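We begin with a single chain expressed as structure tokens, specifically the form solved without the partner chain.
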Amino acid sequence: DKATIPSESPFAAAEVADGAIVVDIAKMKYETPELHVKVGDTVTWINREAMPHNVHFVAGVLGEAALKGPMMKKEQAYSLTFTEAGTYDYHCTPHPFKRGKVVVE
């Protein structure tokens, strides 16, 4: 598997480290729809809207099974640590037309 999960459930945005790699979730888009990180980096998504959103990697992308992230409320965060190089597309489960990617290099 190509990513590990530091926290199975969403956590408070106030707990995200200074300097962290962050993708804000907005209504109309993940604010960084194509993010490049280094192998071993942790990416943190933070929901900035009241509408719940998540991140969802379909089966085959981070491994054999899908990785459907938990639904995040406003000012909640969720992190993934990417352990192999590759390009990993994801989307928001309830709003599947909103999509992003992480390029790990």
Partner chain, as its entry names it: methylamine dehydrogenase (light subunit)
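Residue numbers count along the first chain shown, from 1.
Not on display, but discussed next: the form solved in complex with the partner chain.
Though the partner is left out of this view, residue 67 does not reach within 4.5 Å of the partner chain in the deposited complex, counting heavy atoms only. The partner chain in the deposited complex is not approached by residue 39, whose heavy atoms all lie more than 4.5 angstroms from it.
Contact annotation for residue 94: at least one heavy atom lies within 4.5 Å of the partner chain in the deposited complex. By the 4.5 Å heavy atom rule, the three marked residues 28, 51 and 71 all count as contacting the partner chain in the deposited complex.
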